[PDB]
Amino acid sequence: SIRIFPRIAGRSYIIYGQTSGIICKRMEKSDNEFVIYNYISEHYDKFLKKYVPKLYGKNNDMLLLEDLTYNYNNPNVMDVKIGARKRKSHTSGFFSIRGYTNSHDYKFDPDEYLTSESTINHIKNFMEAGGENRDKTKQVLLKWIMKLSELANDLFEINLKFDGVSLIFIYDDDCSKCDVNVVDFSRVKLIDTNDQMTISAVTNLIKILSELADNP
């Protein structure tokens, strides 16, 4: 009666909660992810409310988090790592696509270093389940750009190093609903300045999505 959550990337044990709208993520290595949710909650509460799934509680080593997929009939999900990797450089220069819904169909490989063209093509791949209605897909891109724009603006005033953090892009097959949020705070660190490397990941994504929203 344990139901494994269909992650798109990561190595962490994630299960469905025993009740609706909750997933349980195991803190495998340390409780640093909980320490960081609590720090952001006390120092950057606005950031937490706008950009981050709700943390409802802790049970031993499990975080009870808002299921970002819960309100969707046919969610498509993409995990894009915008914070630094442990040692390796990013597969797309400023960020790494770690996975998306149906990526096996397009021979996506998270180990593969990509050109600009292949990066753009993988984001186009992720958008294909959104069907042939250009106005509807454009509105999904424009809503993502609206929220990433405000995130990149707000990041200038946040003194955290967002190591390992991902953007979770979600849209419904019908293109009636979409969202992007920040997840995975296990390696976030306190620092004296803002994280310019993470801000460049977001502004590069805003550039790519803008080209897609505008193409003829």
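Residues carry their position along the shown sequence, with the first being 1.
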{"item": "Average Cα temperature factor in the PDB entry - higher stretch of 179 to 187, 157 to 165", "value": "157 to 165"}
{"item": "Segment of higher mean CA temperature factor, 166 to 174 or 40 to 48", "value": "40 to 48"}
{"item": "Top residue by Cα temperature factor, when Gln139, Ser116, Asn125, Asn76 are compared in the entry", "value": "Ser116"}
{"item": "Position of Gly21 among the chain's modelled residues by C-alpha B-factor, lowest, middle or highest third", "value": "lowest"}
{"item": "CA B-factor placement of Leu209, once the chain's modelled residues are sorted into thirds", "value": "lowest"}
{"item": "Chain third (lowest, middle, highest) by recorded CA B-factor, residue given as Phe95", "value": "lowest"}
{"item": "CA B-factor ranking of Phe108, expressed as a third of its chain", "value": "middle"}
{"item": "Chain third (lowest, middle, highest) by recorded CA B-factor, residue given as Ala84", "value": "middle"}
